[PDB]
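# Observations on the model geometry
Okay, here's what each chain looks like letter by letter:
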Amino acid sequence: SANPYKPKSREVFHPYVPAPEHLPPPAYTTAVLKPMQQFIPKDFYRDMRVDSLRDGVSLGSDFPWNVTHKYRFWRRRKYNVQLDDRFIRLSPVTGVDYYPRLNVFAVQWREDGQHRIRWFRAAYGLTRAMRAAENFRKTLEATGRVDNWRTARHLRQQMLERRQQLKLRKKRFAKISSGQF
Amino acid sequence: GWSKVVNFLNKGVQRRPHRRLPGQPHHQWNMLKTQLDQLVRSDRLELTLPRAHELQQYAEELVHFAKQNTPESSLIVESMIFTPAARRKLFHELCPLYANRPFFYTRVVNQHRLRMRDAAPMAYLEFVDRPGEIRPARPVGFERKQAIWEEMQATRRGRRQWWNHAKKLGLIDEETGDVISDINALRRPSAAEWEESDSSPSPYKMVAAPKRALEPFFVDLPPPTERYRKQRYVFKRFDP
Amino acid sequence: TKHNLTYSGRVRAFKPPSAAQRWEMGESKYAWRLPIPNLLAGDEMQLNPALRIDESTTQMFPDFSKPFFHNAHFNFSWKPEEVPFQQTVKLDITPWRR
Amino acid sequence: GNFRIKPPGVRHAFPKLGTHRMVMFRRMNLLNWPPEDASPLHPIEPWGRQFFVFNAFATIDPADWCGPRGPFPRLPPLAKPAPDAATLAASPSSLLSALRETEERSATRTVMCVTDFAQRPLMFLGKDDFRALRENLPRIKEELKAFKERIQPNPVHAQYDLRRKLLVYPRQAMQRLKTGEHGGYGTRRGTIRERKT
Amino acid sequence: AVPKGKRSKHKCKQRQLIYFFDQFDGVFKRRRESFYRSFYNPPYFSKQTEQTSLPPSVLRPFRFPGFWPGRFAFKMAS
Amino acid sequence: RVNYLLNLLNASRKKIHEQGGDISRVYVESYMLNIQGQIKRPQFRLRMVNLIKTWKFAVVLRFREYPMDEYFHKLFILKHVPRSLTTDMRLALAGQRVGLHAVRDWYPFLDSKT
Amino acid sequence: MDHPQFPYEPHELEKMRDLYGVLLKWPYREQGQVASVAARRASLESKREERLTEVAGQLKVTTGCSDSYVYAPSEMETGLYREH
Amino acid sequence: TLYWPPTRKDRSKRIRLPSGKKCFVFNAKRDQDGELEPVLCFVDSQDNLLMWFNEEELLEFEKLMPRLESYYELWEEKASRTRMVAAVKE
Amino acid sequence: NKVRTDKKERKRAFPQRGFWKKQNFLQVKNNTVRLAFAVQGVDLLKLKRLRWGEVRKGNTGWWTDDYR
Amino acid sequence: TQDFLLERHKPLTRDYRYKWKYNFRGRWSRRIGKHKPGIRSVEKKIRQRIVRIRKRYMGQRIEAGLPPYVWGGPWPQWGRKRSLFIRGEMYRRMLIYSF
């Protein structure tokens with residue numbers, strides 16, 4: 001559910017992790033890196049390459065592979081491959097969602113204040129069901145059955161039946177507005 | 001149960017043209033195709049009598065359509081078969097072997113014994129005219145002509161009994177009214193032979209052998225049926 | 001059978017990393033190129049790891065400019081510089097918004 | 001696949017996970033194959049056929065051959081018999097080795113073997129056959145080019161489209177999700193609730 | 001529904017005989033006939049019993065020597 | 001479970017042959033069944049616990065070696081011939097393991113019509 | 001080459017269902033003859049636009065003979081991670 | 001007419017190698033799906049199939065061929081030395 | 001369990017048509033054992049298949065008998 | 001087209017013996033997979049068979065020892081979560097804690 005307690009941003013957070021506040025400068029800071037006068041202490045690279053990840057910004061040009069040491073994932077890494085960016089069950093059309101337990105693509109919208117949903121069974125084919133859902137959503141938008149996407153023409157056309165219903169209501173409660181009863 | 005109930009419940013019932021195997025139709029079709037592939041690869045399968053009777057028709061269909069050699073029949077055979085080994089065996093051995101056989105390329109033999117474990121009647125289903133066949137295949141084509149000619153010459157009864165068929169076959173000489181003398185005159189090239197339009201001292205010359213040419217050297221490898229093997233059944237232990 | 005079998009109901013053998021595989025007191029993967037090890041080797045030992053490659057297990061070298069697996073011949077947890085620049089793909093979690 | 005028989009260590013030093021598991025389960029049947037003195041196997045694309053060169057065992061002269069026997073006829077190798085029981089008993093060798101002694105063969109016939117991806121042999125060629133193929137190569141390329149032009153696309157691809165265009169194609173119903181007391185009407189409605197705060 | 005009384009020994013014997021004839025004529029006669037017809041072929045040799053079975057054979061013995069008019073064994077060679 | 005009876009029959013035939021009886025004229029004259037008991041096992045069901053039984057029985061068979069006169073009167077006069085013997089005769093004739101005289105020799109016992 | 005990518009376009013699904021026993025032995029075909037892969041390729045190309053001899057690879061030689069190499073620090077205490 | 005053995009026009013002129021083996025070109029039902037494709041076929045002295053090479057396979061084989069000559073030479077020398085050992089050891 | 005304190009005998013009082021054989025898992029285990037033996041030069045499967053009193057040295061059998 | 005409609009034709013293959021409309025799950029049948037009662041789709045079946053073919057080919061190349069090449073084309077995204085980068089951040093934090 002779209003809770004009020006989820007975080008605002010959906011990004012992957014890399015917080016700044018400060019060291020215990022009273023530790024002195026680490027060992028690798030004693031290194032002298034002048035080309036004419038060199039001293040590289042013990043564990044210089046080991047300490048410094050981990051200290052560099054502290055700020056949470058300079059994560060490394062190869063992140064997260066520069067911190068992933070387990071060979072389980074390196075054994076799976078591929079090179080010179082082109083990858084997609086979108087989960088196959090996500091539609092760019094607003095209001096289209098997937099219910100996996102039912103195996104349906106749902107279109108949810110609002111029409112005259114009411115919240116309405118329609119199902120499109122995916123057993124006939126995932127692509128067919130998703131495209132049917134998108135087409136239904138776009139048809140609703142075009143015909144003006146989605147409130148937020150309506151146009152001035154749609155509003156004008158709907159106002160006629162709104163007026164008819166309002167006149168019926170006025171005749172229903174005529175005896176009160178006149179001062180009788 | 002009671003045996004007479006079979007008669008009672010089959011009074012007024014038709015035999016099913018196809019014997020139905022367990023599972024749904026797609027599973028049944030897959031099973032039949034798999035066993036047809038295995039039958040092609042092995043030349044003979046020990047099955048239950050009903051299963052042999054059921055798979056025989058698909059074996060016959062496979063051979064019949066493989067012989068025709070058209071794209072349509074090739075696609076039919078492809079829809080029937082699964083494995084490249086079965087495809088190769090069929091096209092390169094069975095089709096030349098049956099080139100002159102019009103039909104009826106298989107046989108079913110009832111073993112007349114019940115399987116020990118479940119008392120299932122048993123049978124063999126085998127392609128005909130292959131080495132190791134249960135009984136010898138009868139000849140077709142010019143070989144059949146020669147067999148009938150020999151039978152006609154063996155005895156007068158054979159001549160009388162094949163007289164009319166011999167006329168159609170061309171074994172009767174119209175000039176003299178007797179059987180022809182040189183049956184070899186009726187020899188004609190067959191599809192199984194290599195057309196000769198293409199028209200010994202080497203240290204590695206291949207040696208002649210009944211089935212395949214042999215190399216003039218030895219390689220320490222068992223035959224293909226013995227090269228790779230595994231236990232037929234690993235025992236599953238009872239858990240009390 | 002040695003340790004190629006477990007003599008119990010254990011199905012998957014667990015073994016901790018070996019001393020040579022550890023870092024401290026472990027075998028450096030570039031020490032075979034150093035002077036002292038080569039001075040001690042003499043003619044008794046050859047330190048080049050290329051000589052211990054199992055021909056029946058390793059694959060042929062691929063072209064680095066074309067799609068290939070990392071596990072074939074690298075056997076370490078880093079990317080060689082000779083492999084060209086790789087594309088970092090970040091998931092598009094809200095396509096509907098754009 | 002040329003294991004190291006009686007190797008050092010207490011565990012297999014070769015991969016045994018994934019396809020390698022079945023690779024080793026296959027190669028363990030033929031410890032003697034490929035031959036010990038064989039050249040390095042060289043594979044080629046795309047199906048992974050392999051070539052290698054080795055000296056095979058000489059066979060008896062066919063004139064002396066007793067003939068074919070069994071489902072797989074073969075020429076017996078030319079082998080020197082193993083020492084007799086009396087000789088072995090007199091020798092200082094242990095009973096184990098004495099029992100394990102076998103015949104001696106002569107690996108003196110150079111030949112190339114072509115195998116599939118799994119090292120299963122397909123064909124053996126001598127130097128003369130190899131050189132004849134090499135000489136005839138140029139014409140083979142022309143023949144391949146000529147026979148390529150005979151290729152025609154399969155007709156089922158067009159026939160299926162034609163039948164789809166012209167014939168009746170039923171599409172049965174699927175996934176008839178069932179209801180309980182409350183029936184279905186093609187659409188759903190979300191309830192309206194006022195805040196109780 | 002349950003029986004209203006115990007079936008008697010007389011009727012149980014009758015049922016024994018009836019079921020014997022049913023099973024006989026439905027299963028046993030047929031199985032015996034098939035068994036005796038199978039004798040005209042060499043006995044089945046299971047390849048999974050090679051490790052312990054006898055070598056394959058085709059001969060079927062003549063089991064009543066008192067009705068055999070031929071020779072029973074050949075004289076020892078020399 | 002008929003392997004038990006088959007084992008009994010095979011062992012009895014072997015024993016009689018070893019003792020010197022003529023297997024060819026040994027008949028099963030009678031049988032006797034003697035109960036020994038039944039092992040009971042619980043069978044747990046919806047509303048009750050039942051006891052399923054496995055029987056334990058013994059079988060006594062009476063074999064008799066017919067004297068030669070009785071054997072003659074049975075096989076030759078009354079034509080009550082063992083089907084095993086007749087099948088062996090027919091197999092011998094079919095396989096040509098005996099001479100042509102065997103047909104008339106075995107005519108009194110060969111087939112139903114003969 | 002390419003082979004059909006799930007989810008399949010309805011025509012592809014439908015054809016493969018009808019010709020299961022023929023088209024699913026070797027589904028590899030040249031680029032462009034598979035609609036499922038072609039559509040994904042085209043979408044990726046459009047997104048790229050919106051955003052805007054074969055030789056075996058070898059690791060460079062790491063051995064040497066010169067004094068500069070022989071008498072260089074071993075750097076085993078330093079924590080070098082890119083061992084090679 | 002049958003697909004195998006290929007008829008006159010369905011195959012090229014057969015090359016007879018100096019061991020009784022022949023090789024020719026024709027369109028074979030490839031193992032993957034059975035669709036026709038031109039291959040260099042191989043048969044023994046009794047006209048039994050051994051195997052065939054695709055165009056790409058044949059080009060790679062040609063690429064590797066010169067090295068197999070050197071392998072032939074080296075293993076011929078090895079066989080000669082084994083023969084010498086046998087002769088010395090009677 | 002081995003001490004027969006469980007209630008697993010209750011189901012065995014009812015018939016069942018068959019039981020799974022776990023042949024994939026059992027064959028993987030068996031082949032692991034076979035590989036462990038074979039890397040040291042032992043043909044466990046051949047030994048298991050040998051007839052009583054049968055001696056076969058190396059990878060030999062009926063085919064060796066046929067061709068020798 | 002009229003000639004076709006007038007002529008009687010025959011099936012292209014034998015695949016009609018599958019009778020796919022009878023590949024179904026009953027209302028009370030045990031749940032094998034995520035198939036609802038009624039006719040079952042074949043998308044997953046086809047995907048699994050193609051996976052088997054691809055795996056066979058790649059394993060064959062591994063056994064042969066051919067170079068470790070892969071198909072380079074568009075790999076579809078089957079998951080939603082950025083597990084790689086989230087786990088990398090976790091590892092970064094663990095390394096900092098050890099330091």
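Method of structure determination, per the deposited record: cryo-EM was used for this entry, reaching 2.2 Å resolution.

So, about the overall build of chain A. Secondary structure assignment for chain A yields five helices and seven strands. Each helix and strand of chain A, ordered N terminal to C terminal, gives the series β-β-α-α-β-β-β-β-β-α-α-α. The C-alpha radius of gyration computed for chain A amounts to 31 Å, which surpasses the reference 16 Å derived for 181 residues by more than 25%, pointing to a less compact arrangement than a globule. For the C-alpha atoms alone, the extent of chain A along its principal axes is close to 105 × 50 × 30 Å. Once local pairs closer than 6 in sequence are excluded, the contacts in chain A between residues at least 24 apart make up 33%. Within the structure as shown, chain A displays about 12,900 Å² of accessible surface, and the carbon and sulfur contribution to it stands at 54%. Taking the average location of the 37 positive side-chain charges in chain A and that of its 16 negative ones, the two points are 12 Å from each other.

There is about 60 Å³ of room inside the largest cavity. Lining of the largest cavity is provided by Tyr228 of chain B together with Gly1, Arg26, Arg27, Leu30, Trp33, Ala118 and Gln119 of chain D. The residue inventory of the lining of the largest cavity, partitioned by class, reads four nonpolar, two polar and two charged. For the lining of the second largest cavity, the residue count by class is six nonpolar, one polar and three charged.

Every contact between the two is made by 18 residues of chain G and, on the other side, 19 residues of chain A. Here chain G packs against chain A, burying approximately 1,500 Å² in sum over the two surfaces, 51% of which is carbon and sulfur. Summed over the three residues of chain G that lose the most area to chain A, namely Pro7, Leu44 and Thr78 of chain G, the buried surface amounts to 29% of that side. Scanning the region where chain G abuts chain A turns up five salt bridges. Here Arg131 of chain A makes a salt bridge to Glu9 of chain G, at a shortest N to O gap of 3.2 Å.

Applying the stated rule across the entire model yields 69 salt bridges over all chains. Here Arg150 of chain A ties to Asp147 of chain A by a salt bridge, and the two come within 2.9 Å at their closest N and O atoms. Given the relative accessible area of 14%, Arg150 of chain A is considered buried. Using a relative accessible area of 24% as the deciding quantity, one classes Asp147 of chain A as partly exposed. A salt bridge links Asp2 of chain G to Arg41 of chain G; the shortest N-O distance between them is 2.7 Å. In this pair, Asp2 of chain G sits in the segment before helix 1 (10–18) while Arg41 of chain G sits in helix 3 (residues 35–51), placing the two residues 39 residues apart along the sequence. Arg41 of chain G shares its class with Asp2 of chain G; the two are buried.

All names here are of chain B. Contact geometry of helix 2 (residues 25–42) with helix 5 (residues 84–97) gives a least axis separation of 9 Å together with a crossing angle of 50°. As the angle between them shows, helix 2 and helix 5 are arranged oblique. Between helix 2 and helix 5 lies a crossing whose hand is left-handed. Together, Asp37, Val40, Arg41 and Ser42 of helix 2 and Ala85, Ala86, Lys89, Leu90 and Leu94 of helix 5 make up the contact between the two elements. Grouping the constituent residues of the contact of helix 2 with helix 5 by class yields five nonpolar, one polar and three charged.

Another point: the sheet that holds strand 5 (residues 107–115) of chain D. One open sheet holds the four strands; their spatial order is 1-2-5-6 (chain D), and the pairing between them is antiparallel. With partners counted over all chains shown, the strands left at the sheet margins are strand 1 (42–43) and strand 6 (121–125) of chain D, one partner each. Set on the sheet, helix 1 (residues 55–88) of chain H makes contact with strand 1, strand 2 (50–57), strand 5 and strand 6 of chain D; between it and strand 5 of chain D the angle comes to about 160°.

Calculation notes
Residues numbered from 1 in each chain as written, not as in the entry; some residues may be left out. Chains lettered and ligands numbered in written order. Part of a larger assembly, values for the part shown. Heavy atoms only, no water. Helix = DSSP H or I, 4+ residues; strand = E, 2+ residues; numbered from the N terminus. Rg over C-alpha atoms; globule rule 2.2 N^0.38 Å. Contact = heavy atoms within 4.5 Å. Areas by Shrake-Rupley, 256 points an atom, 1.4 Å probe, with all protein chains shown as cover. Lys, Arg positive; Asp, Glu negative; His and termini not counted. Charge placed at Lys NZ, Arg CZ, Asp CG, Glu CD. 1 Å grid on protein atoms, 1.4 Å probe; cavity = no way out; pocket = protein on both sides within 12 Å on 5 of 7 lines; lining within 4 Å. Points joined across faces, edges and corners; volume = space filled by probe spheres on them. Nonpolar A, V, L, I, M, F, W, Y, C, P; charged D, E, K, R; others polar. Buried area = accessible area lost by both parts, 1.4 Å probe. Salt bridge = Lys/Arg side-chain N within 4 Å of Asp/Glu carboxyl O. Buried < 20%, exposed > 50% of the residue type's maximum accessible area, 1.4 Å probe, protein only. Axes fitted to C-alpha atoms, helices over the stretch in contact; angles between N-to-C directions. Parallel < 35°, antiparallel > 145°, perpendicular 65-115°, else oblique. Left-handed = near helix turned anticlockwise from the far one by under 90°. Pairing = 2+ DSSP bridges.

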